[PDB]
Amino acid sequence: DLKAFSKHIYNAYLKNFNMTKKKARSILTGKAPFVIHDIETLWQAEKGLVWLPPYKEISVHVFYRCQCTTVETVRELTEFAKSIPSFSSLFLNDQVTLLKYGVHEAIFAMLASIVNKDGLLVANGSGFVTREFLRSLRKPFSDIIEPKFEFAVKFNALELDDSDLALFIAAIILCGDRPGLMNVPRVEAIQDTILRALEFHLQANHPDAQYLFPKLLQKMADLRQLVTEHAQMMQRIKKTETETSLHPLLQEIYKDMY
Amino acid sequence: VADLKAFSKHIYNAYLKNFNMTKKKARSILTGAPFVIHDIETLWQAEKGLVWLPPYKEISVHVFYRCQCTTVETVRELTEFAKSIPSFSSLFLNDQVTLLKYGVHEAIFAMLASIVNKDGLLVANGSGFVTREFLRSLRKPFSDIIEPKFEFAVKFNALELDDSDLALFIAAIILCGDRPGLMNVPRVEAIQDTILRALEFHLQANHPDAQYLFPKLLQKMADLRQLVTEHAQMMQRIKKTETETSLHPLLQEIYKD
Ligand SMILES: CCCOc1ccc(C[C@H](CC)C(=O)O)cc1CNC(=O)c1ccc(C(F)(F)F)cc1
Ligand SMILES: CCCOc1ccc(C[C@H](CC)C(=O)O)cc1CNC(=O)c1ccc(C(F)(F)F)cc1
Ligand SMILES: CCCCCCCO[C@@H]1O[C@H](CO)[C@@H](O)[C@H](O)[C@H]1O
Ligand SMILES: CCCCCCCO[C@@H]1O[C@H](CO)[C@@H](O)[C@H](O)[C@H]1O
């Protein structure tokens with residue numbers, strides 16, 4: 001039962017996410033991606049090497065590429081969630097509420113799978129943008145990038161695998177205290193099942209890991225704080241960068257966050 | 001032209017797959033038997049097992065609660081119907097909820113005509129029939145919301161649509177481009193235009209002698225928006241003046257501004 005619950009989550013994870021942490025770790029080690037570290041390498045990458053509103057500047061273009069990856073990951077998270085036991089049994093408005101307040105927590109957790117202390121895989125791992133180059137971007141666009149590296153480095157130290165992350169992201173999405181949730185008891189019930197499955201799974205998968213389950217619970221609290229700060233940065237970019245576009249899907253997500 | 005016939009058939013199959021009651025099944029029941037509910041005693045009989053919730057209050061509120069129940073179940077079926085429609089599922093989930101939020105009541109009142117005649121209304125999968133006169137005898141403001149639906153339904157049933165017609169008509173109601181807060185307006189308008197073209201084509205083949213049928217149905221869509229507007233006003237009065245009466249949570253989200 002509880003193994004069948006976890007296996008179903010793991011299969012929905014492998015089915016709906018093109019880039020897994022296993023595939024990504026093979027690329028980042030050497031089992032090669034074009035390194036993007038300045039304007040010239042980025043232009044070459046955008047000229048067919050690796051791969052939107054009109055080109056404004058270098059920092060805004062990268063900002064636009066960040067939005068694009070979010071839109072694509074929301075599509076995958078929506079299909080992943082719809083393959084979760086009794087997520088589809090929720091009314092559609094509750095499904096949207098869980099995705100609205102959960103996608104960025106899940107996105108920032110899954111970014112760790114394609115991130116190291118030096119940079120980030122882009123476009124199915126065919127490219128690799130460096131942390132140094134992303135730091136060099138203009139403000140406020142550089143402000144939204146570095147905190148994700150800091151979280152991802154410490155999160156990768158826990159050495160979770162795809163089977164772990166499948167339950168971890170499922171627990172992020174099915175969160176009982178999202179604002180405006182209609183059927184809170186049902187969501188809390190599903191969440192409690194996922195957390196039990198997660199603890200059960202971590203026992204077999206990481207028998208030597210000390211305090212791993214409460215460590216992951218703390219990571220979930222960290223992710224909510226990371227998203228709150230990110231949402232405030234995004235709202236200031238919306239205020240101060242009036243010529244910079246925001247994808248309509250992201251506009252609906254950040255509308256009421258404070 | 002060739003894609004339209006297949007597009008229509010796919011929508012009809014989604015109709016037959018997801019709705020508990022069709023107009024074909026309903027009209028055969030209404031012509032010959034359902035237990036007739038016409039007063040308090042028959043209604044109690046129906047609840048005790050002959051035919052079939054928040055805590056009881058009174059008879060008019062109990063019928064009001066059963067009205068909410070049929071809406072909740074029809075929203076479930078309309079959501080599965082819409083999800084089987086071409087390119088509805090391709091919209092982001094928040095656009096799907098917006099279309100359903102502002103469309104389900106227009107579609108519900110259109111589909112209500114299938115189980116209504118001038119004398120009353122089928123209930124509980126057609127095993128019951130509640131009379132129009134009994135529903136009229138309920139306490140205001142609860143009897144206020146019932147009678148205009150009969151009035152719309154009898155005039156709507158005069159058009160003599162069948163289920164294949166209604167499948168496209170319901171799809172056009174849901175895929176409405178001017179719903180408040182719609183994100184991808186051009187994509188919804190494009191899907192609606194395809195449905196309206198499929199509907200026009202379908203009406204020519206299925207009702208070859210029917211005059212002005214397609215613009216009549218477009219007018220019915222406008223009538224349905226006015227019917228829902230007046231209904232929401234009446235629901236606001238019930239929410240204001242009947243404070244002891246509960247409103248199902250799904251309906252609170254639909255009627256929230
Ligand atoms: C791990 C470093 C931080 O990355 C991110 C930080 C924040 C967000 C949240 C978004 C921001 C709009 C949201 O609010 O939705 C997303 C990312 C993901 N970035 C990318 O995938 C990316 C970056 C650069 C390139 C390029 F090649 F162009 F350089 C291509 C892809
Ligand atoms: C054609 C008559 C009008 O019916 C309706 C009017 C308005 C709405 C919209 C709702 C109102 C809360 C909403 O706002 O969502 C729904 C219905 C559907 N009624 C029923 O199916 C029904 C009625 C009575 C019984 C009983 F036998 F118990 F008496 C059982 C079922
Ligand atoms: C089952 C589909 C039909 C559901 C219709 C009800 C939709 O309600 C709306 O759901 C949204 C959350 O997604 C909220 O943001 C809105 O405030 C709310 O009004
Ligand atoms: C693609 C799934 C994840 C996207 C989440 C986007 C959430 O947007 C919300 O959609 C609701 C209608 O559904 C509106 O009522 C809210 O105002 C809006 O904030």
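Cβ placement follows ideal geometry from the backbone for every residue including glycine, while neighbour counts extend to all protein chains displayed. Derivation of every value follows stated rules applied to the coordinates shown; laboratory data play no part.
Taken one residue at a time, the phi angles of region B:146-155 give Karplus couplings (6.51, -1.76, 1.60, θ = phi - 60°) of 8, 4, x, 6, 4, 4, 5, 5, 5, 5 Hz. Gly and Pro are set to x. Eigenvalues of the alpha-carbon gyration tensor of the protein assembly as shown, scaled by 5 and square-rooted, set the equivalent ellipsoid semi-axes at 50, 27, 21 angstrom, largest first.
Along region A:127-142 the Karplus relation, 6.51 cos²θ - 1.76 cosθ + 1.60 evaluated at θ = phi - 60°, assigns HN-Hα couplings of x, 8, 8, 8, 5, 4, 5, 5, 5, 6, 5, 5, 8, x, 6, 6 Hz to successive residues, with x for each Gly and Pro.
Quick one: order A:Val129, B:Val1 by neighbouring beta-carbon count within 10 Å, fewest to most.
Lowest count first: B:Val1, A:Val129.
Put in line by how crowded their Cβ is, counting other Cβ atoms within 10 Å and starting with the fewest, B:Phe7, A:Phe34 read A:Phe34, B:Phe7. Placing +1 on each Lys and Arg Cβ and -1 on each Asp and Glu Cβ, with no other charges, gives the protein assembly as shown a dipole about its Cα centre of roughly 280 debye.
Annotation for region B:165-257: GluC sites (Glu not before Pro) lying in DSSP loop with at most 12 further Cβ atoms inside 10 Å of their Cβ are B:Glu244.
Shielding by partners for peptide A:86-93, expressed as the average number of C-beta atoms from other protein chains within 10 Å of each residue's C-beta, is 4. Over 33 Å, how big is the tail of the calculated P(r) for chain B, in percent of all Cα pairs? Percent of Cα pairs beyond 33 Å in chain B: 20. Take every DSSP beta bridge whose two residues both sit in chain A; close to 60 percent of them are antiparallel. Of the residues B:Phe88, B:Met221, A:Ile107, the one whose Cα sits farthest towards the positive end of the charge dipole of the protein assembly as shown is A:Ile107 (charges of +1 on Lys and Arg Cβ, -1 on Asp and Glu Cβ, taken about the Cα centre). Applied to region B:175-186, the Karplus parametrisation 6.51 cos²θ - 1.76 cosθ + 1.60 on θ = phi - 60° returns per-residue 3J(HN,Hα) values of 7, 10, x, 9, 7, x, x, 5, 7, 9, 4, x Hz, with x for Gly and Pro. In region A:57-113, Rg over Rh equals 1.08, where Rg is the alpha-carbon radius of gyration and Rh the Kirkwood radius from pairwise Cα distances. Would you mind getting me the FRET efficiency between A:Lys255 and A:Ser142? Use the beta-carbon distance for r and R0 = 25 Å, nearest 0.05. Efficiency for this residue pair is about 0.50. Cross-link partners for B:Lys25 among the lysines, with Cα-Cα distance under 28 Å and sequence neighbours closer than 8 places in the same chain left out: B:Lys5, B:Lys9, B:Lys17, B:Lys48, B:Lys83, B:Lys101, B:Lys118, B:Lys149, B:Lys155, B:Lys216, B:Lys220. The amide H of B:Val123, built 1.01 Å from its N in the peptide plane, has B:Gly128, B:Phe129, B:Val130 as neighbours under 5 Å, considering only residues 5 or more places off or on other chains. Considering region A:157-258 at the alpha-carbon level, its Rg and Dmax are found to be 17.0, 52 Å. Each label point was placed 7 Å from the Cα along the Cα-to-Cβ direction; for A:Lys117 and A:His206 their separation is 2.0 nm.
Placing pseudo-labels 7 Å out from each Cα toward the beta carbon at A:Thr242 and A:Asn124 gives an inter-label distance of 4.2 nm. Hydrodynamic analysis of region A:1-150 uses the Kirkwood radius over alpha carbon pairs. Inserted into Stokes-Einstein at 4 °C and 1.567 mPa s, it gives a translational diffusion coefficient of 76 µm²/s. Centre-to-centre, using Cα atoms only, region A:188-251 and region B:1-62 are separated by 44 Å. Computed about its Cα centre, the charge dipole of chain A is approximately 220 debye, with only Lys, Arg, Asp and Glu carrying charge at their Cβ. A cut-off under 12 angstrom between Cβ atoms defines the neighbours of B:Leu159, and their net charge, with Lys, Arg +1 and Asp, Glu -1, is 0.
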